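In what follows, a single structure is set out as structure tokens and then discussed.
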Amino acid sequence: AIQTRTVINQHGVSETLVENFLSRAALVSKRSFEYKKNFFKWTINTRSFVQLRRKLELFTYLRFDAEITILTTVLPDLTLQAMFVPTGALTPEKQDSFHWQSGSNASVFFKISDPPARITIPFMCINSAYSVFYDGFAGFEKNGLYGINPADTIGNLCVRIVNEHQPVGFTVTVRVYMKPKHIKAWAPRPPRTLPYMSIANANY
Amino acid sequence: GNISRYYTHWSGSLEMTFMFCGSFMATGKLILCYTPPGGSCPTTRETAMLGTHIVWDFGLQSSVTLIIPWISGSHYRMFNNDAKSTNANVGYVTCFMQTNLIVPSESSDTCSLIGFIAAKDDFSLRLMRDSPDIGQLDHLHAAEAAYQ
Amino acid sequence: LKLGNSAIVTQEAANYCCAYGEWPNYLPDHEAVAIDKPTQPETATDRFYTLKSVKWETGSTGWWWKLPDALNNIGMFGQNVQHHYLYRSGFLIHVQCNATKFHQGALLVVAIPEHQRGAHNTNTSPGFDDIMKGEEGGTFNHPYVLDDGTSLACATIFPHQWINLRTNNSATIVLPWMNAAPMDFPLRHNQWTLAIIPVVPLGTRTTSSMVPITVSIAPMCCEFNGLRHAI
Amino acid sequence: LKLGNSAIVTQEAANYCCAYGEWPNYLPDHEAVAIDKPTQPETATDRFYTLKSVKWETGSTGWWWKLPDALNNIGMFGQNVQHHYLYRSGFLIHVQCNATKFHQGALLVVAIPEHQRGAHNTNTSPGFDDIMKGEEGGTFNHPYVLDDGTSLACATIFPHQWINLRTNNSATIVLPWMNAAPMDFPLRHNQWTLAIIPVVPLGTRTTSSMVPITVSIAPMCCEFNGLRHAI
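Heads up: the protein sequence lines correspond to chains A, C, B and B', in order. A prime marks a further copy of an entry chain.
In terms of the authors' numbering, the first sequence is residues 42 to 77, 88 to 125, 138 to 267.
All residue numbers for the second sequence refer to the authors' numbering, where the first residue is 100 and numbers rise by one.
All residue numbers for the third sequence refer to the authors' numbering, where the first residue is 16 and numbers rise by one.
All residue numbers for the fourth sequence refer to the authors' numbering, where the first residue is 16 and numbers rise by one.
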């Protein structure tokens, strides 16, 4: 209930640049699973949290890179794998599937006593920029999901316990972080104020 | 009012604009009076003229330009608890009726006003935070797609 | 007219018709009287003190004001009348009305110096309340004779412009300092007398067309006596 | 000191001891805040606003004032506190007493910035009336500790002069702008704290020697926010 003021002298302009307007590396997914479906698969869609969804939808087209950092909390020497799978190749469905043994996709291997892993993914959209809002139809026949671009796909990561079935049981918690770099945006758009109702489209 | 919610401290000058949309035969004078951030809002027409006031009619120009000299602001978390200290009251932009409306016997006897706003090139921002504009969460229909 | 604090915008420029030929001129070369260091504030007076809007019906007969009288109550110039007793100032008058193209009528803005009034059919001088009206101004009871026996038919000898509702809706008259003495007293003397006189009344299909008329006054180059001194 | 309207005459010149090294300097090169066209009146503030005469008996214990507080009520600077909210000003302090050659005693003029007060033997912060005294000023209850636990024996770190009744009867201290922010608010902040402290009490053959002490304050180079604007 106290109303005060302060005179403010400023000269900074480069604080509001778009490159460090989006370099904050917020969290994008938090899910735990067990092992005694014994893994974790997650599409790399971006509109999962409303703190990041509204902040991203100010623009029309943009172009950046991933900088994915997986943080793991959960024991004798747990080794984990995060096999990236892009489009064109198939996704694993069981823990000992032969898609794990495939070399044609990228993979990491890391412990728990180590600091958590870090990779980055370049711009893999087949257009020149990501399409945030898609004003058309993916397909020719009438029932097409209005607002899904086939160029909007990125891939999906899969997290798996490497070790043998041990006589102890445990539960692994996985968090993902994503830091955009080298930002170039176009055509600014007004924000959405009415609350979201789904993740597939804009309804209210 | 939707970009500055992300930040904490703002400072700069503004620019308000009005656009009257009456008929071509319609006339009438209005008055716009500014208020310094010290005192209170004016009440009558006479007490409002003693501030920075302008006289704007209809027949010559349907547009007008007003310059706000300076604003400021912060949020001031100063207590021990989770409290919200409201910022102080700054300025008033009022509008009184100088003359009553003159219309011919053909047109409707009702007019309209629309107010614009635009910031100048001294407007600066600092200390980006999150915005409470949406809310925490609502019920999502298809909450999980990737996981399954 | 972006002058000081206010700015009456969106007006036909018309003509800054000087009254006879002159300007307020700041009164130089006077040291034999008023040696009290005149303060002469300039940027603290130029506001365009506007007046109350009036209504001009069909049977209306005009209005009148007094210029040092009507500004004693309003603003920084209203305060500077008190705690001062000598001044000198030039004025600016902006008269503007508004109507449709379907009305018709004629007005006459005129300004008279030293306009001594009078009363009808008596032998008693008018009282103090019959002169000091203030902001609102008074009303002519006999406009044809100007309440002094002088004919309105010869009243174009003064500075004047013709607001004609077919052509224009504005007028602007600049008045210099018109006084015998160089400096004067506010509370007992009024130099100019602003007055408007309808000549042709209005006319339309309905009745009671208001035609609101607005007068704005602004002092050009004022000065006062001294208030601050060394010893 | 013939300054503006008033002139405190017949004073020993003494020393215009600057506080640390500086002058009010009119605050240049600031355009990122307060772009409101500061008016900065200069010749309308320099008066030497004098205060109420006090009486210094034998068992007296000193007085204190607040400089933006004590001038809120008097004069053109008293009016300019209202209808304004940003300012910046430098001060001038002239402390002068008088006695015979037969009295004896010592005084200590000292000025403290940001002098946060306190209360004795409690756990409650002082109220709003325990600070905003106004013109008359307050009284020390514990002068040895300055009502904050700081020793008077180390209190010569501030700018000070020694009024010694054997030698002189005047003192003059110039204070610059001492604030974190460039401009400030009058009604909720007081930068300096003027206070006088007796060290040696008086003594004579009789009792109740008054020794009237007079303090005069004058703002040096003040400024304010904007009040008049074009559009």
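Built from N, CA and C at the ideal position, the CB exists for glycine as well.
For this session: Return no unless some Cβ of chain C is closer than 9 Å to the Cβ of B':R243.
Result: Residue numbering aside, residue 243 of chain B' sits at position 228 when the fourth sequence is read from its first letter. Yes, B':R243 lies at the interface with chain C (some Cβ there is under 9 Å from its Cβ).
Exercise. Is B:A29 near the ligand FAD, with its Cβ less than 8 Å from a heavy atom?
Worked result: Ligands in the displayed structure: none, and consequently the ligand FAD is not present.
For this session: Along the beta strand (DSSP E) that carries B:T54, what are the first and last residues, could you check?
Result: The sequence position of residue 54 of chain B within the third sequence is 39, counting from 1. Unbroken run through B:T54: none, as it is neither H nor E.
Problem set entry | Residue from B':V96, B':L190, B':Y64 whose Cα sits closest to the Cα of B':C32 | By one-based count along the fourth sequence, residue 32 of chain B' stands at place 17. Nearest option by C-alpha distance: B':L190.
Exercise. Is the shortest distance between the beta-carbon of C:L224 and the beta-carbons of chain A less than 9 Å?
Worked result: In the second sequence, the residue the question calls residue 224 of chain C occupies position 125. At least one CB atom of chain A sits nearer than 9 Å to the CB of C:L224.
Exercise. What does B':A47 touch in chain A if you count any residue whose Cβ is under 8 Å from its own?
Worked result: Here residue 47 of chain B' refers to the residue found at position 32 when the fourth sequence is read from its first residue. By Cβ distance, chain A contributes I49, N50, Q51, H52.
For this session: Identify the continuous beta strand (DSSP E) that holds C:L131 and give its terminal residues.
Result: For this step, residue 131 of chain C is matched to residue 32 along the second sequence. Boundaries of the beta strand (DSSP E) harbouring C:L131: 128-134, taken from the DSSP string.
For this session: Using three-state DSSP, classify B:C169 as helix, strand or coil.
Result: Translated into the one-based positions of the third sequence, residue 169 of chain B becomes position 154. DSSP places B:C169 in helix when its eight states are reduced to three.
Exercise. In terms of residues, what are the limits of the beta strand (DSSP E) holding C:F195?
Worked result: Looking up residue 195 of chain C in the second sequence gives position 96. From DSSP, the beta strand (DSSP E) with C:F195 extends over 191-196.
Problem set entry | Residues within the region 54-85 of chain B' neighbouring chain B, beta-carbon criterion of under 8 Å | Hits within the stretch, in order: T58, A59.
For this session: Can you have a look at C:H240 and say buried or exposed, based on whether 16 or more other CB atoms are within 10 angstroms of its CB?
Result: Walking along the second sequence from the start, residue 240 of chain C turns up at place 141. Flag for C:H240 reads exposed.
For this session: In angstroms with no decimal places, state the Cα-to-Cα distance between B':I172 and B':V160.
Result: Walking along the fourth sequence from the start, residue 172 of chain B' turns up at place 157. Walking along the fourth sequence from the start, residue 160 of chain B' turns up at place 145. Looking at the two C-alpha atoms, the distance is approximately 15 Å.
Exercise. With DSSP run on the structure shown, which of helix, strand or coil describes A:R105?
Worked result: For this step, residue 105 of chain A is matched to residue 54 along the first sequence. In the three-state reduction of the DSSP assignment, A:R105 falls in the helix class, which pools H, G and I.
Problem set entry | Helix, strand or coil at C:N180 [DSSP, three-state] | The residue you call residue 180 of chain C lines up with position 81 of the second sequence. It is coil, neither helix nor strand.
Exercise. Does the region 227-246 of chain B' come within contact of the region 101-116 of chain B', defined as at least 3 CB pairs closer than 8 Å?
Worked result: Yes: at least three Cβ pairs fall under 8 Å.
Exercise. Cα separation between A:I182 and C:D232?
Worked result: Translated into the one-based positions of the first sequence, residue 182 of chain A becomes position 119. Translated into the one-based positions of the second sequence, residue 232 of chain C becomes position 133. Cα to Cα, A:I182 sits roughly 33 Å from C:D232.
Exercise. Does DSSP classify B:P83 as helix, strand or coil?
Worked result: Reading the third sequence from its first residue, position 68 is the one you call residue 83 of chain B. Helix at B:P83.
Exercise. Interface residues of chain A around C:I233 at Cβ under 7 Å?
Worked result: Within the second sequence, numbered from 1, the residue matching residue 233 of chain C stands at position 134. What C:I233 touches in chain A: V101, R105, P258.
Exercise. Would a check of beta-carbon distances place A:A263 closer than 9 Å to chain C?
Worked result: The residue labelled residue 263 of chain A in the question sits at position 200 within the first sequence. At a cut-off of 9 Å between beta carbons, A:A263 contacts chain C.
Exercise. Starting from A:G151 and walking both ways along the beta strand (DSSP E), at which residues does that stretch end?
Worked result: Here residue 151 of chain A refers to the residue found at position 88 when the first sequence is read from its first residue. Premise fails: A:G151 is in no beta strand (DSSP E) and is neither H nor E.
For this session: Using a Cβ-Cβ cut-off of 9 Å, state whether C:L113 counts as contacting chain A.
Result: Along the second sequence, one-based indexing puts residue 113 of chain C at 14. With its beta carbon at least 9 Å from every one in chain A, C:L113 lies outside the interface.
Problem set entry | Per-residue contacts from A:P155 into chain C (C-beta, under 9 Å) | Looking up residue 155 of chain A in the first sequence gives position 92. At a beta-carbon threshold of 9 Å, none of the residues of chain C lie near A:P155; the nearest stands roughly 14 Å away.
Exercise. Taking 9 Å as the CB-CB limit, is B':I50 close to chain B?
Worked result: Counting from one through the fourth sequence, the residue named residue 50 of chain B' turns up at place 35. Taking Cβ atoms only, chain B never reaches closer than 9 Å to B':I50, which makes this a no.
Exercise. Mind pulling the alpha helix (DSSP H) runs of 4 or more residues that sit fully within the region 153-223 of chain B'?
Worked result: Correct list: empty.
Exercise. Between which two residues does the alpha helix (DSSP H) containing C:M115 stretch?
Worked result: On the second sequence, position 16 is the one that residue 115 of chain C refers to. From DSSP, C:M115 is part of no alpha helix (DSSP H) but of the beta strand (DSSP E) over 108-119.
For this session: Could you tell me which residues DSSP pairs with A:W249 in its beta bridges?
Result: Residue 249 of chain A sits at position 186 when you count from the first residue of the first sequence. For A:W249, which the question treats as bridged, DSSP gives the partners A:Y112.
Exercise. If you draw a straight line from the C-alpha of C:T185 to the C-alpha of A:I43, how long is it?
Worked result: Counted from its first residue, the second sequence places residue 185 of chain C at position 86. Counted from its first residue, the first sequence places residue 43 of chain A at position 2. A straight-line Cα-Cα distance of about 7 Å links C:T185 and A:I43.
For this session: Using only alpha-carbon positions, find the residue among A:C221, A:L58, A:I189, A:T234 that is nearest to A:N212.
Result: Translated into positions along the first sequence, residue 212 of chain A becomes position 149. The alpha carbon of A:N212 has as its nearest neighbour, out of A:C221, A:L58, A:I189, A:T234, the alpha carbon of A:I189.
For this session: Can you pull the chain B residues whose beta carbon is under 9 Å from the beta carbon of B':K17, in chain order?
Result: As a first step, residue 17 of chain B' is located in the fourth sequence; it is residue number 2 there, counting from the start. Taking a Cβ-Cβ threshold of 9 Å, the residues of chain B close to B':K17 are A245, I246, in chain order.
For this session: Could you spell out where the beta strand (DSSP E) holding C:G214 opens and where it closes?
Result: Position 115 of the second sequence, counted from the start, is the residue given in the question as residue 214 of chain C. It spans 212-218 - the beta strand (DSSP E) in which C:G214 sits, taken as one unbroken run.
For this session: Could you tell me which chain B' residues have their CB closer than 8 Å to the CB of C:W109, listed as they occur along the chain?
Result: To locate residue 109 of chain C, count along the second sequence from 1; it is residue 10. Ordered by position in chain B', no residue passes the 8 Å Cβ test against C:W109, which lies about 12 Å from the chain.
Problem set entry | Stretch-stretch touch, CB-based, cutoff 8 Å, three pairs: the region 120-137 of chain B with the region 163-183 of chain B | Using a C-beta cut-off of 8 Å, the region 120-137 of chain B makes contact with the region 163-183 of chain B, since at least three inter-stretch Cβ pairs fall below that distance.
Exercise. When we look at the beta-carbon of B:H130 and count the other beta-carbons within 10 Å, is it buried (16 or more) or exposed?
Worked result: Residue numbering aside, residue 130 of chain B sits at position 115 when the third sequence is read from its first letter. Answer is buried; the Cβ neighbour count reaches 16.
Problem set entry | Residue from B:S224, B:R243, B:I188 whose Cα sits closest to the Cα of B:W207 | Residue numbering aside, residue 207 of chain B sits at position 192 when the third sequence is read from its first letter. Of B:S224, B:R243, B:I188, the residue nearest in Cα terms is B:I188.
Exercise. Is the CB of C:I167 under 9 Å away from at least one CB in chain B?
Worked result: One-based indexing of the second sequence puts residue 167 of chain C at position 68. Under the Cβ criterion of 9 Å, C:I167 is not counted among the residues facing chain B.
Exercise. Since C:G137 meets chain B', which of its residues come closer than 9 Å, beta carbon to beta carbon?
Worked result: Position 38 of the second sequence, counted from the first residue, corresponds to residue 137 of chain C. Residues of chain B' passing the Cβ test: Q97, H98, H99, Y100, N240.
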